[PDB]
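Only one structure is covered here, and it is reproduced in the block below.
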Amino acid sequence: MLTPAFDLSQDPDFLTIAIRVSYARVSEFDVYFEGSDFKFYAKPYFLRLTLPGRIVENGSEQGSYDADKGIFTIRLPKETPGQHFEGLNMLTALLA
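Here's what the structure looks like:
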């Protein structure tokens, strides 16, 4: 298996995520975002990311998945204005 070169980017009014995959052995993917927990579910691929801040939930958001370029990008709203998730692509994951 190979670790996807995913990348995270956040704006003062939203937080977008990017996951690159082509092996997608699932006709559809699953995205779970609550408070500050972003979990992706697609085939053996399991993505668990803990946001530094908090992203609101309202079914609005904004994103799109493309098979042609093999990149899934999904933007999400913030729970507080002016909130910026620092060290996003610098942060680290903890094992439990």
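Quick note, the sequence shown lines up with residues 1 to 96 if you use PDB author numbering. For every residue, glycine included, the Cβ atom is placed at its ideal position computed from N, Cα and C.
Cβ-Cβ distance between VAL21 and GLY70 below 8 Å: Stepping through the sequence shown from its first residue, residue 21 is reached at position 21. Stepping through the sequence shown from its first residue, residue 70 is reached at position 70. Taking 8 Å as the Cβ cut-off, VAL21 and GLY70 qualify as a contacting pair.
Alpha-carbon spacing of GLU57 relative to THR80, whole angstroms: Residue mapping note: residue 57 aligns to position 57 of the sequence shown, counting from 1. Residue mapping note: residue 80 aligns to position 80 of the sequence shown, counting from 1. Taking the straight line from one Cα to the other gives about 12 Å.
Pairwise C-alpha distance: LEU95 and residue 98: There is no way to answer for residue 98, as the model of the chain reaches only from 1 to 96.
Spatial distance of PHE29 from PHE40 (CA atoms): As a working note, residue 29 is residue 29 in the sequence shown. As a working note, residue 40 is residue 40 in the sequence shown. Rounded to whole angstroms, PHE29 and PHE40 show a C-alpha spacing of 8 Å.
Test item: CB-CB of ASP37 and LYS78 under 8 Å: The sequence position of residue 37 within the sequence shown is 37, counting from 1. The sequence position of residue 78 within the sequence shown is 78, counting from 1. Taking 8 Å as the Cβ cut-off, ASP37 and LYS78 do not qualify as a contacting pair.
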